[PDB]
Structures are given as C-alpha cells and as structure tokens.
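A.B. asks: Here you go, this is structure-v3.cif (mmCIF, N, CA and C atoms).
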data_run
loop_
_atom_site.label_atom_id
_atom_site.label_comp_id
_atom_site.auth_asym_id
_atom_site.auth_seq_id
_atom_site.Cartn_x
_atom_site.Cartn_y
_atom_site.Cartn_z
N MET D 1 -167.26 30.52 -66.37
CA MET D 1 -168.36 29.78 -65.77
C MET D 1 -169.64 29.95 -66.58
N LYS D 2 -169.75 31.07 -67.29
CA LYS D 2 -170.93 31.38 -68.08
C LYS D 2 -170.72 30.89 -69.51
N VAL D 3 -171.19 29.67 -69.79
CA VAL D 3 -171.00 29.07 -71.11
C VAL D 3 -171.99 29.66 -72.11
N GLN D 4 -173.27 29.70 -71.75
CA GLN D 4 -174.32 30.31 -72.57
C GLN D 4 -174.48 29.61 -73.92
N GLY D 5 -174.84 28.32 -73.87
CA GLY D 5 -174.96 27.55 -75.10
C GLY D 5 -176.15 27.95 -75.95
N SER D 6 -177.36 27.85 -75.39
CA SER D 6 -178.57 28.20 -76.12
C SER D 6 -178.77 29.71 -76.12
N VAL D 7 -179.55 30.19 -77.09
CA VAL D 7 -179.72 31.62 -77.29
C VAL D 7 -180.96 32.12 -76.56
N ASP D 8 -181.57 31.27 -75.73
CA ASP D 8 -182.83 31.66 -75.10
C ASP D 8 -182.64 32.81 -74.12
N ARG D 9 -181.46 32.91 -73.51
CA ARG D 9 -181.24 33.94 -72.51
C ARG D 9 -181.16 35.31 -73.17
N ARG D 10 -181.94 36.25 -72.63
CA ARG D 10 -182.02 37.64 -73.07
C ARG D 10 -182.52 37.80 -74.50
N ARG D 11 -182.90 36.72 -75.16
CA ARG D 11 -183.40 36.90 -76.52
C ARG D 11 -184.81 36.37 -76.71
N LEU D 12 -185.12 35.20 -76.16
CA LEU D 12 -186.44 34.62 -76.39
C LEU D 12 -187.54 35.39 -75.69
N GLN D 13 -187.20 36.18 -74.67
CA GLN D 13 -188.22 36.94 -73.97
C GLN D 13 -188.86 37.98 -74.88
N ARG D 14 -188.06 38.62 -75.73
CA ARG D 14 -188.63 39.58 -76.67
C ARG D 14 -189.57 38.89 -77.64
N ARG D 15 -189.20 37.70 -78.10
CA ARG D 15 -190.05 36.98 -79.05
C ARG D 15 -191.37 36.57 -78.40
N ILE D 16 -191.32 36.09 -77.16
CA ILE D 16 -192.55 35.65 -76.52
C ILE D 16 -193.36 36.82 -75.98
N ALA D 17 -192.76 38.00 -75.82
CA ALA D 17 -193.57 39.17 -75.48
C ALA D 17 -194.44 39.59 -76.65
N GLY D 18 -194.00 39.31 -77.87
CA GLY D 18 -194.86 39.55 -79.02
C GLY D 18 -195.85 38.43 -79.24
N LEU D 19 -195.39 37.19 -79.14
CA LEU D 19 -196.27 36.03 -79.27
C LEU D 19 -197.24 35.89 -78.11
N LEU D 20 -197.09 36.70 -77.06
CA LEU D 20 -197.77 36.55 -75.78
C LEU D 20 -199.21 37.06 -75.73
N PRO D 21 -199.49 38.32 -76.07
CA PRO D 21 -200.71 38.96 -75.58
C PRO D 21 -201.95 38.42 -76.27
N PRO D 22 -203.00 38.14 -75.51
CA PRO D 22 -204.29 37.80 -76.11
C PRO D 22 -205.19 39.02 -76.18
N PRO D 23 -206.25 38.96 -76.98
CA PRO D 23 -207.21 40.07 -77.02
C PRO D 23 -207.93 40.26 -75.69
N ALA D 24 -208.31 41.50 -75.42
CA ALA D 24 -208.87 41.86 -74.12
C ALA D 24 -210.37 41.61 -74.07
N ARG D 25 -210.83 41.16 -72.90
CA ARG D 25 -212.24 41.05 -72.57
C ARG D 25 -212.38 41.37 -71.09
N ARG D 26 -213.61 41.69 -70.68
CA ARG D 26 -213.94 41.91 -69.27
C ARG D 26 -213.16 43.10 -68.70
N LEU D 27 -213.30 44.25 -69.35
CA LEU D 27 -212.65 45.46 -68.87
C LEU D 27 -213.51 46.13 -67.81
N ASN D 28 -212.90 46.44 -66.66
CA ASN D 28 -213.63 46.98 -65.52
C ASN D 28 -213.95 48.45 -65.74
N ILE D 29 -215.10 48.88 -65.22
CA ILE D 29 -215.68 50.18 -65.52
C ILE D 29 -215.66 51.04 -64.27
N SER D 30 -215.26 52.29 -64.42
CA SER D 30 -215.44 53.30 -63.39
C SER D 30 -216.57 54.23 -63.80
N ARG D 31 -217.41 54.59 -62.83
CA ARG D 31 -218.59 55.40 -63.12
C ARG D 31 -218.21 56.82 -63.52
N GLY D 32 -217.36 57.47 -62.72
CA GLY D 32 -217.08 58.88 -62.95
C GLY D 32 -216.40 59.15 -64.27
N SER D 33 -215.50 58.26 -64.69
CA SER D 33 -214.84 58.42 -65.98
C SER D 33 -215.81 58.12 -67.12
N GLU D 34 -216.40 56.92 -67.11
CA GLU D 34 -217.52 56.55 -67.98
C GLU D 34 -217.08 56.37 -69.43
N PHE D 35 -215.83 56.71 -69.72
CA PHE D 35 -215.31 56.61 -71.08
C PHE D 35 -213.80 56.84 -71.05
N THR D 36 -213.03 55.89 -71.56
CA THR D 36 -211.58 55.98 -71.47
C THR D 36 -210.96 55.46 -72.75
N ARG D 37 -209.63 55.52 -72.80
CA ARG D 37 -208.90 54.81 -73.84
C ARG D 37 -208.99 53.31 -73.62
N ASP D 38 -209.21 52.88 -72.38
CA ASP D 38 -209.38 51.46 -72.10
C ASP D 38 -210.65 50.92 -72.75
N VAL D 39 -211.77 51.61 -72.53
CA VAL D 39 -213.02 51.18 -73.13
C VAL D 39 -212.95 51.28 -74.65
N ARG D 40 -212.30 52.33 -75.16
CA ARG D 40 -212.17 52.44 -76.61
C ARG D 40 -211.34 51.30 -77.18
N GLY D 41 -210.24 50.95 -76.51
CA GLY D 41 -209.42 49.85 -76.97
C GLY D 41 -210.13 48.51 -76.89
N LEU D 42 -211.05 48.36 -75.94
CA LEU D 42 -211.92 47.20 -75.97
C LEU D 42 -212.95 47.27 -77.08
N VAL D 43 -213.34 48.48 -77.48
CA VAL D 43 -214.46 48.66 -78.39
C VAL D 43 -214.03 48.57 -79.85
N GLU D 44 -212.87 49.14 -80.19
CA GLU D 44 -212.49 49.36 -81.59
C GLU D 44 -212.58 48.08 -82.40
N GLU D 45 -213.30 48.14 -83.52
CA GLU D 45 -213.53 46.95 -84.33
C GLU D 45 -212.49 46.77 -85.43
N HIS D 46 -211.67 47.79 -85.70
CA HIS D 46 -210.49 47.61 -86.54
C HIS D 46 -210.78 47.19 -87.98
N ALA D 47 -211.40 48.08 -88.76
CA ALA D 47 -211.83 47.78 -90.11
C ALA D 47 -210.66 47.68 -91.08
N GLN D 48 -210.99 47.29 -92.32
CA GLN D 48 -210.03 47.04 -93.40
C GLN D 48 -210.44 47.84 -94.63
N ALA D 49 -209.75 48.96 -94.88
CA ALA D 49 -210.07 49.86 -95.98
C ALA D 49 -208.81 50.59 -96.40
N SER D 50 -208.76 50.97 -97.67
CA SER D 50 -207.56 51.56 -98.25
C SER D 50 -207.73 53.07 -98.35
N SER D 51 -206.68 53.80 -98.01
CA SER D 51 -206.61 55.23 -98.24
C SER D 51 -205.77 55.57 -99.46
N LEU D 52 -205.19 54.57 -100.12
CA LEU D 52 -204.46 54.75 -101.38
C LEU D 52 -203.26 55.67 -101.20
N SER D 53 -202.35 55.25 -100.33
CA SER D 53 -201.09 55.94 -100.11
C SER D 53 -200.13 54.95 -99.48
N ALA D 54 -198.84 55.25 -99.54
CA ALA D 54 -197.87 54.40 -98.85
C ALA D 54 -198.04 54.50 -97.34
N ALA D 55 -197.88 55.71 -96.80
CA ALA D 55 -197.97 55.89 -95.36
C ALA D 55 -199.36 55.56 -94.84
N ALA D 56 -200.39 55.93 -95.59
CA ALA D 56 -201.76 55.68 -95.15
C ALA D 56 -202.06 54.19 -95.10
N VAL D 57 -201.64 53.44 -96.12
CA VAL D 57 -201.86 52.00 -96.11
C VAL D 57 -201.09 51.36 -94.97
N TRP D 58 -199.81 51.73 -94.81
CA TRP D 58 -199.03 51.07 -93.77
C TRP D 58 -199.58 51.39 -92.38
N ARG D 59 -200.14 52.58 -92.20
CA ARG D 59 -200.78 52.89 -90.94
C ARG D 59 -202.06 52.08 -90.76
N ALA D 60 -202.86 51.96 -91.82
CA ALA D 60 -204.04 51.11 -91.75
C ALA D 60 -203.67 49.65 -91.59
N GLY D 61 -202.44 49.30 -91.94
CA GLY D 61 -201.94 47.97 -91.68
C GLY D 61 -202.47 46.90 -92.60
N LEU D 62 -203.11 47.28 -93.70
CA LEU D 62 -203.65 46.29 -94.63
C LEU D 62 -202.58 45.29 -95.04
N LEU D 63 -201.34 45.74 -95.16
CA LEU D 63 -200.22 44.84 -95.43
C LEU D 63 -199.89 44.11 -94.13
N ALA D 64 -200.84 43.28 -93.71
CA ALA D 64 -200.92 42.46 -92.51
C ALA D 64 -200.41 41.05 -92.79
N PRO D 65 -199.67 40.46 -91.85
CA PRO D 65 -199.17 39.10 -92.08
C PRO D 65 -200.27 38.06 -92.03
N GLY D 66 -201.13 38.11 -91.02
CA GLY D 66 -202.27 37.22 -90.94
C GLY D 66 -203.39 37.65 -91.86
N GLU D 67 -204.48 36.88 -91.83
CA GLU D 67 -205.58 37.15 -92.74
C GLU D 67 -206.31 38.44 -92.39
N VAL D 68 -206.28 38.84 -91.13
CA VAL D 68 -207.02 40.02 -90.69
C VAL D 68 -206.10 41.22 -90.74
N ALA D 69 -206.65 42.37 -91.10
CA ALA D 69 -205.89 43.61 -91.08
C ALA D 69 -205.57 43.99 -89.64
N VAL D 70 -204.28 44.15 -89.34
CA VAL D 70 -203.83 44.54 -88.00
C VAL D 70 -202.98 45.80 -88.13
N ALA D 71 -203.29 46.80 -87.32
CA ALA D 71 -202.57 48.06 -87.31
C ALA D 71 -201.49 48.04 -86.22
N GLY D 72 -200.79 49.17 -86.12
CA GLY D 72 -199.68 49.29 -85.20
C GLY D 72 -198.37 48.75 -85.72
N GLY D 73 -198.39 48.05 -86.85
CA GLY D 73 -197.18 47.46 -87.39
C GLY D 73 -196.68 46.29 -86.57
N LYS S 1037 -286.31 23.09 -63.82
CA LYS S 1037 -285.94 23.83 -62.62
C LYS S 1037 -286.49 23.17 -61.36
N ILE S 1038 -286.50 21.85 -61.34
CA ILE S 1038 -286.78 21.10 -60.12
C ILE S 1038 -285.50 20.99 -59.31
N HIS S 1039 -285.61 21.20 -58.01
CA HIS S 1039 -284.46 21.02 -57.14
C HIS S 1039 -283.98 19.57 -57.24
N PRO S 1040 -282.72 19.34 -57.55
CA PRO S 1040 -282.23 17.96 -57.62
C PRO S 1040 -282.20 17.33 -56.24
N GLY S 1041 -281.75 16.08 -56.14
CA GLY S 1041 -281.72 15.43 -54.85
C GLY S 1041 -280.76 16.07 -53.87
N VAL S 1042 -279.67 16.65 -54.37
CA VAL S 1042 -278.58 17.11 -53.53
C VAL S 1042 -278.39 18.62 -53.70
N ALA S 1043 -277.74 19.22 -52.72
CA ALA S 1043 -277.41 20.64 -52.73
C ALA S 1043 -275.96 20.81 -53.15
N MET S 1044 -275.50 22.06 -53.26
CA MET S 1044 -274.14 22.27 -53.71
C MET S 1044 -273.55 23.51 -53.07
N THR S 1045 -272.22 23.54 -52.98
CA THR S 1045 -271.48 24.72 -52.61
C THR S 1045 -270.64 25.18 -53.79
N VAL S 1046 -270.46 26.49 -53.90
CA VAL S 1046 -269.78 27.10 -55.01
C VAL S 1046 -268.61 27.90 -54.46
N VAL S 1047 -267.43 27.66 -55.02
CA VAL S 1047 -266.19 28.27 -54.56
C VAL S 1047 -265.51 28.94 -55.75
N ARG S 1048 -264.96 30.13 -55.53
CA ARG S 1048 -264.20 30.83 -56.55
C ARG S 1048 -263.05 31.60 -55.93
N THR S 1049 -262.08 31.99 -56.75
CA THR S 1049 -260.96 32.80 -56.30
C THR S 1049 -260.99 34.15 -56.99
N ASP S 1050 -260.69 35.20 -56.24
CA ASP S 1050 -260.79 36.56 -56.73
C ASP S 1050 -259.48 37.30 -56.52
N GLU S 1051 -259.17 38.17 -57.48
CA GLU S 1051 -257.93 38.93 -57.50
C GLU S 1051 -258.27 40.40 -57.35
N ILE S 1052 -257.52 41.08 -56.48
CA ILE S 1052 -257.74 42.49 -56.18
C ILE S 1052 -256.40 43.20 -56.30
N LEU S 1053 -256.32 44.16 -57.22
CA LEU S 1053 -255.13 44.99 -57.30
C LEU S 1053 -255.11 45.92 -56.09
N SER S 1054 -253.92 46.21 -55.59
CA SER S 1054 -253.82 46.92 -54.32
C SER S 1054 -252.52 47.70 -54.25
N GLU S 1055 -252.60 48.96 -53.85
CA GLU S 1055 -251.43 49.81 -53.69
C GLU S 1055 -250.94 49.72 -52.25
N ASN S 1056 -249.74 49.17 -52.06
CA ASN S 1056 -249.24 48.85 -50.73
C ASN S 1056 -248.25 49.90 -50.25
N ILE S 1057 -248.00 49.87 -48.95
CA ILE S 1057 -246.99 50.71 -48.32
C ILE S 1057 -246.00 49.79 -47.62
N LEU S 1058 -244.71 50.07 -47.77
CA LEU S 1058 -243.66 49.26 -47.16
C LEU S 1058 -242.82 50.14 -46.25
N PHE S 1059 -242.80 49.82 -44.96
CA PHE S 1059 -241.87 50.47 -44.05
C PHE S 1059 -240.65 49.59 -43.84
N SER S 1060 -239.50 50.24 -43.72
CA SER S 1060 -238.25 49.56 -43.39
C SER S 1060 -237.55 50.33 -42.29
N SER S 1061 -237.14 49.63 -41.25
CA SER S 1061 -236.34 50.26 -40.21
C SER S 1061 -234.92 50.50 -40.71
N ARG S 1062 -234.26 51.46 -40.08
CA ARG S 1062 -232.94 51.86 -40.54
C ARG S 1062 -231.89 50.82 -40.18
N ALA S 1063 -230.90 50.66 -41.06
CA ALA S 1063 -229.74 49.80 -40.82
C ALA S 1063 -230.15 48.36 -40.54
N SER S 1064 -231.03 47.83 -41.39
CA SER S 1064 -231.47 46.45 -41.22
C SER S 1064 -230.70 45.46 -42.08
N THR S 1065 -230.07 45.92 -43.16
CA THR S 1065 -229.26 45.04 -44.00
C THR S 1065 -227.95 45.73 -44.33
N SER S 1066 -226.86 44.98 -44.22
CA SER S 1066 -225.58 45.42 -44.72
C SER S 1066 -225.43 44.94 -46.16
N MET S 1067 -224.97 45.84 -47.02
CA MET S 1067 -224.77 45.54 -48.43
C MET S 1067 -223.31 45.73 -48.80
N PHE S 1068 -222.79 44.78 -49.56
CA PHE S 1068 -221.46 44.85 -50.13
C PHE S 1068 -221.61 45.02 -51.64
N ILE S 1069 -220.96 46.05 -52.18
CA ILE S 1069 -221.03 46.39 -53.59
C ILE S 1069 -219.75 45.92 -54.26
N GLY S 1070 -219.87 45.42 -55.49
CA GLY S 1070 -218.73 45.01 -56.28
C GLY S 1070 -218.45 45.99 -57.41
N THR S 1071 -217.30 45.80 -58.03
CA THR S 1071 -216.94 46.60 -59.19
C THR S 1071 -217.68 46.09 -60.42
N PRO S 1072 -218.29 46.97 -61.22
CA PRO S 1072 -218.98 46.51 -62.42
C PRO S 1072 -218.00 46.03 -63.48
N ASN S 1073 -218.48 45.13 -64.33
CA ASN S 1073 -217.67 44.58 -65.41
C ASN S 1073 -218.32 44.86 -66.75
N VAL S 1074 -217.51 44.95 -67.79
CA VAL S 1074 -218.02 45.02 -69.15
C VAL S 1074 -217.26 44.02 -70.00
N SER S 1075 -217.99 43.13 -70.65
CA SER S 1075 -217.41 42.15 -71.56
C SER S 1075 -218.10 42.25 -72.90
N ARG S 1076 -217.53 41.58 -73.89
CA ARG S 1076 -218.11 41.51 -75.22
C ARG S 1076 -218.33 40.05 -75.60
N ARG S 1077 -219.35 39.81 -76.42
CA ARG S 1077 -219.60 38.49 -76.99
C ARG S 1077 -220.64 38.61 -78.10
N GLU S 1078 -220.96 37.45 -78.67
CA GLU S 1078 -221.83 37.33 -79.83
C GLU S 1078 -221.34 38.22 -80.96
N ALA S 1079 -220.06 38.07 -81.29
CA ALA S 1079 -219.52 38.72 -82.47
C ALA S 1079 -220.19 38.13 -83.69
N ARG S 1080 -221.08 38.89 -84.31
CA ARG S 1080 -221.77 38.46 -85.51
C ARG S 1080 -221.40 39.41 -86.64
N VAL S 1081 -221.89 39.10 -87.84
CA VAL S 1081 -221.30 39.66 -89.05
C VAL S 1081 -221.45 41.17 -89.14
N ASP S 1082 -222.48 41.75 -88.52
CA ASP S 1082 -222.71 43.18 -88.59
C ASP S 1082 -222.74 43.86 -87.24
N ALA S 1083 -222.69 43.11 -86.14
CA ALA S 1083 -222.93 43.71 -84.84
C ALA S 1083 -222.12 42.99 -83.79
N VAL S 1084 -221.96 43.65 -82.65
CA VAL S 1084 -221.34 43.06 -81.47
C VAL S 1084 -222.28 43.27 -80.29
N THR S 1085 -222.30 42.31 -79.37
CA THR S 1085 -223.09 42.45 -78.16
C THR S 1085 -222.15 42.61 -76.97
N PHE S 1086 -222.56 43.43 -76.02
CA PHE S 1086 -221.77 43.71 -74.83
C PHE S 1086 -222.60 43.43 -73.60
#
Let me see whether you can do it: turn the structure in this file into structure tokens.
C.D. replies:
Amino acid sequence: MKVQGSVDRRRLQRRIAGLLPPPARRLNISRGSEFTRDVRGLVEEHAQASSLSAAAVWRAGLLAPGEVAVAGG
Amino acid sequence: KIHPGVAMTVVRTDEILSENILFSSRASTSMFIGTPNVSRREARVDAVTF
C-alpha cells in the first residue's frame, strides 16, 4: 500500500530545516538576568578575519558558501 | 505730550515659575505592565542601533 514515489517523505524536512531559519530580531528581555546567550546571539556581529590555520579558518567560517562569512559550518 | 482724543487700555500676559505639590489618593489607577522588547535596526557601515 505504501508506494512512496517522491522522495519528499522523511527527506525534504531536513533540507527545509536548513533552508528555514531567518535571522533573529525582537528578543524579549528579563530584568534579573539582564544578559544571556540569547542577547549575545542577537548582538554578535560575526566579523571576517583570518587566523591563518586550517582549523582556525574553518571555525571562523571564512570558507563560506555565500558572500558573507558564516560560522558554525 | 498732549492727551490724544481717545484713551487706551493696556493688556499683557505674565509667566510665573511655581513649585507645585501633587496629592494622589491610593489605588486610583490600575496599571498593566508588559514585557519589554529589544530589537535592532539601522545597520550602518560602522554601527548598529538598538
């Protein structure tokens, strides 16, 4: 009964989870914490500079697919 | 300095600085507070505005 012609089932979700997320704005603030990884992740400007190493460059992400340097691989 | 045919009235407005006192009775207004927000914009070449 399960023909499964197209490959969208169980596979396209992973692709669209990567193609999915937009950049964050309007992060809500708690007074007592006043500083979090959430605020830092909203704040980080993500510069483009070389440390002149294999691991260091790949961590800095300069070998980015788009025009902007993106980290995290 | 001869008195003209007619007389006149003179009007002006004056401003006085004044230190006031305000009394408020208890429990006169209910206030609802919201959660604060932080957003970013005006991404310019050297700076960001929040």
A.B. asks: Contacts from chain D to chain S, 10 Å maximum, only C-alpha atoms: show me the residue list as a ChimeraX atom specification.
C.D. replies: /D:24-31,39,42-43,45
A.B. asks: Next, dump the selected residues to file, keeping only N, CA and C atoms, as a JSON list (two decimals), in the frame of the given file.
C.D. replies:
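What ended up in again.json:
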[["chain", "number", "residue", "atom", "x", "y", "z"],
["D", 24, "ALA", "N", -208.31, 41.50, -75.42],
["D", 24, "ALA", "CA", -208.87, 41.86, -74.12],
["D", 24, "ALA", "C", -210.37, 41.61, -74.07],
["D", 25, "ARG", "N", -210.83, 41.16, -72.90],
["D", 25, "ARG", "CA", -212.24, 41.05, -72.57],
["D", 25, "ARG", "C", -212.38, 41.37, -71.09],
["D", 26, "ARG", "N", -213.61, 41.69, -70.68],
["D", 26, "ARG", "CA", -213.94, 41.91, -69.27],
["D", 26, "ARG", "C", -213.16, 43.10, -68.70],
["D", 27, "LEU", "N", -213.30, 44.25, -69.35],
["D", 27, "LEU", "CA", -212.65, 45.46, -68.87],
["D", 27, "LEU", "C", -213.51, 46.13, -67.81],
["D", 28, "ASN", "N", -212.90, 46.44, -66.66],
["D", 28, "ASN", "CA", -213.63, 46.98, -65.52],
["D", 28, "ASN", "C", -213.95, 48.45, -65.74],
["D", 29, "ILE", "N", -215.10, 48.88, -65.22],
["D", 29, "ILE", "CA", -215.68, 50.18, -65.52],
["D", 29, "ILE", "C", -215.66, 51.04, -64.27],
["D", 30, "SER", "N", -215.26, 52.29, -64.42],
["D", 30, "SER", "CA", -215.44, 53.30, -63.39],
["D", 30, "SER", "C", -216.57, 54.23, -63.80],
["D", 31, "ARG", "N", -217.41, 54.59, -62.83],
["D", 31, "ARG", "CA", -218.59, 55.40, -63.12],
["D", 31, "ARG", "C", -218.21, 56.82, -63.52],
["D", 39, "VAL", "N", -211.77, 51.61, -72.53],
["D", 39, "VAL", "CA", -213.02, 51.18, -73.13],
["D", 39, "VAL", "C", -212.95, 51.28, -74.65],
["D", 42, "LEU", "N", -211.05, 48.36, -75.94],
["D", 42, "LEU", "CA", -211.92, 47.20, -75.97],
["D", 42, "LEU", "C", -212.95, 47.27, -77.08],
["D", 43, "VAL", "N", -213.34, 48.48, -77.48],
["D", 43, "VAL", "CA", -214.46, 48.66, -78.39],
["D", 43, "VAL", "C", -214.03, 48.57, -79.85],
["D", 45, "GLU", "N", -213.30, 48.14, -83.52],
["D", 45, "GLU", "CA", -213.53, 46.95, -84.33],
["D", 45, "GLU", "C", -212.49, 46.77, -85.43]]
A.B. asks: Record the distance separating CA of residue 44 in chain D and atom C of residue 18 in chain D, expressed in Å with one decimal.
C.D. replies: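 Interatomic distance, CA of residue 44 in chain D to atom C of residue 18 in chain D: 20.0 Å.
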A.B. asks: Distance atom C of residue 38 in chain D-CA of residue 13 in chain D, one decimal place?
C.D. replies: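 Computed distance, atom C of residue 38 in chain D to CA of residue 13 in chain D, equals 26.5 Å.
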A.B. asks: Within 12 Å of (-206.4, 51.3, -97.1) (coordinates as in the file), grab all the protein and nucleic acid residues, counting only C-alpha atoms, and write them out as a count of residues only.
C.D. replies: 22
A.B. asks: Quote the spacing between atom N of residue 21 in chain D and atom N of residue 1081 in chain S in Å to one decimal place.
C.D. replies: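 So the two atoms, atom N of residue 21 in chain D and atom N of residue 1081 in chain S, lie 25.3 Å apart.
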A.B. asks: Please identify which residues in chain D DSSP calls helix (DSSP H, G or I) from the backbone, and express them as a VMD selection string.
C.D. replies: chain D and resid 12 to 19 37 to 43 54 to 60
A.B. asks: Could you rebuild range 46-61 of chain D with N, CA, C and O atoms and give me the result as a PDB file, keeping the file's coordinate frame?
C.D. replies:
ATOM      1  N   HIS D  46    -211.670  47.790 -85.700  1.00  0.00           N
ATOM      2  CA  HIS D  46    -210.490  47.610 -86.540  1.00  0.00           C
ATOM      3  C   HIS D  46    -210.780  47.190 -87.980  1.00  0.00           C
ATOM      4  O   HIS D  46    -210.444  46.079 -88.396  1.00  0.00           O
ATOM      5  N   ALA D  47    -211.400  48.080 -88.760  1.00  0.00           N
ATOM      6  CA  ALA D  47    -211.830  47.780 -90.110  1.00  0.00           C
ATOM      7  C   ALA D  47    -210.660  47.680 -91.080  1.00  0.00           C
ATOM      8  O   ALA D  47    -209.503  47.965 -90.753  1.00  0.00           O
ATOM      9  N   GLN D  48    -210.990  47.290 -92.320  1.00  0.00           N
ATOM     10  CA  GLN D  48    -210.030  47.040 -93.400  1.00  0.00           C
ATOM     11  C   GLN D  48    -210.440  47.840 -94.630  1.00  0.00           C
ATOM     12  O   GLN D  48    -211.346  47.441 -95.370  1.00  0.00           O
ATOM     13  N   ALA D  49    -209.750  48.960 -94.880  1.00  0.00           N
ATOM     14  CA  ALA D  49    -210.070  49.860 -95.980  1.00  0.00           C
ATOM     15  C   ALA D  49    -208.810  50.590 -96.400  1.00  0.00           C
ATOM     16  O   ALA D  49    -207.916  50.826 -95.591  1.00  0.00           O
ATOM     17  N   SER D  50    -208.760  50.970 -97.670  1.00  0.00           N
ATOM     18  CA  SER D  50    -207.560  51.560 -98.250  1.00  0.00           C
ATOM     19  C   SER D  50    -207.730  53.070 -98.350  1.00  0.00           C
ATOM     20  O   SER D  50    -208.800  53.556 -98.723  1.00  0.00           O
ATOM     21  N   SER D  51    -206.680  53.800 -98.010  1.00  0.00           N
ATOM     22  CA  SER D  51    -206.610  55.230 -98.240  1.00  0.00           C
ATOM     23  C   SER D  51    -205.770  55.570 -99.460  1.00  0.00           C
ATOM     24  O   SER D  51    -205.631  56.754 -99.791  1.00  0.00           O
ATOM     25  N   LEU D  52    -205.190  54.570-100.120  1.00  0.00           N
ATOM     26  CA  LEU D  52    -204.460  54.750-101.380  1.00  0.00           C
ATOM     27  C   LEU D  52    -203.260  55.670-101.200  1.00  0.00           C
ATOM     28  O   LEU D  52    -203.171  56.750-101.788  1.00  0.00           O
ATOM     29  N   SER D  53    -202.350  55.250-100.330  1.00  0.00           N
ATOM     30  CA  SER D  53    -201.090  55.940-100.110  1.00  0.00           C
ATOM     31  C   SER D  53    -200.130  54.950 -99.480  1.00  0.00           C
ATOM     32  O   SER D  53    -200.545  53.906 -98.970  1.00  0.00           O
ATOM     33  N   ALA D  54    -198.840  55.250 -99.540  1.00  0.00           N
ATOM     34  CA  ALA D  54    -197.870  54.400 -98.850  1.00  0.00           C
ATOM     35  C   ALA D  54    -198.040  54.500 -97.340  1.00  0.00           C
ATOM     36  O   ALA D  54    -198.333  53.507 -96.667  1.00  0.00           O
ATOM     37  N   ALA D  55    -197.880  55.710 -96.800  1.00  0.00           N
ATOM     38  CA  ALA D  55    -197.970  55.890 -95.360  1.00  0.00           C
ATOM     39  C   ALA D  55    -199.360  55.560 -94.840  1.00  0.00           C
ATOM     40  O   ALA D  55    -199.495  54.948 -93.778  1.00  0.00           O
ATOM     41  N   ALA D  56    -200.390  55.930 -95.590  1.00  0.00           N
ATOM     42  CA  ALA D  56    -201.760  55.680 -95.150  1.00  0.00           C
ATOM     43  C   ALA D  56    -202.060  54.190 -95.100  1.00  0.00           C
ATOM     44  O   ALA D  56    -202.670  53.705 -94.142  1.00  0.00           O
ATOM     45  N   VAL D  57    -201.640  53.440 -96.120  1.00  0.00           N
ATOM     46  CA  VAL D  57    -201.860  52.000 -96.110  1.00  0.00           C
ATOM     47  C   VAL D  57    -201.090  51.360 -94.970  1.00  0.00           C
ATOM     48  O   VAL D  57    -201.631  50.547 -94.214  1.00  0.00           O
ATOM     49  N   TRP D  58    -199.810  51.730 -94.810  1.00  0.00           N
ATOM     50  CA  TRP D  58    -199.030  51.070 -93.770  1.00  0.00           C
ATOM     51  C   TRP D  58    -199.580  51.390 -92.380  1.00  0.00           C
ATOM     52  O   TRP D  58    -199.491  50.559 -91.471  1.00  0.00           O
ATOM     53  N   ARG D  59    -200.140  52.580 -92.200  1.00  0.00           N
ATOM     54  CA  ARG D  59    -200.780  52.890 -90.940  1.00  0.00           C
ATOM     55  C   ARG D  59    -202.060  52.080 -90.760  1.00  0.00           C
ATOM     56  O   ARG D  59    -202.316  51.544 -89.679  1.00  0.00           O
ATOM     57  N   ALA D  60    -202.860  51.960 -91.820  1.00  0.00           N
ATOM     58  CA  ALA D  60    -204.040  51.110 -91.750  1.00  0.00           C
ATOM     59  C   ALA D  60    -203.670  49.650 -91.590  1.00  0.00           C
ATOM     60  O   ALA D  60    -204.491  48.844 -91.155  1.00  0.00           O
ATOM     61  N   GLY D  61    -202.440  49.300 -91.940  1.00  0.00           N
ATOM     62  CA  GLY D  61    -201.940  47.970 -91.680  1.00  0.00           C
ATOM     63  C   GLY D  61    -202.470  46.900 -92.600  1.00  0.00           C
ATOM     64  O   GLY D  61    -202.293  45.714 -92.297  1.00  0.00           O
TER      65      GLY D  61
END
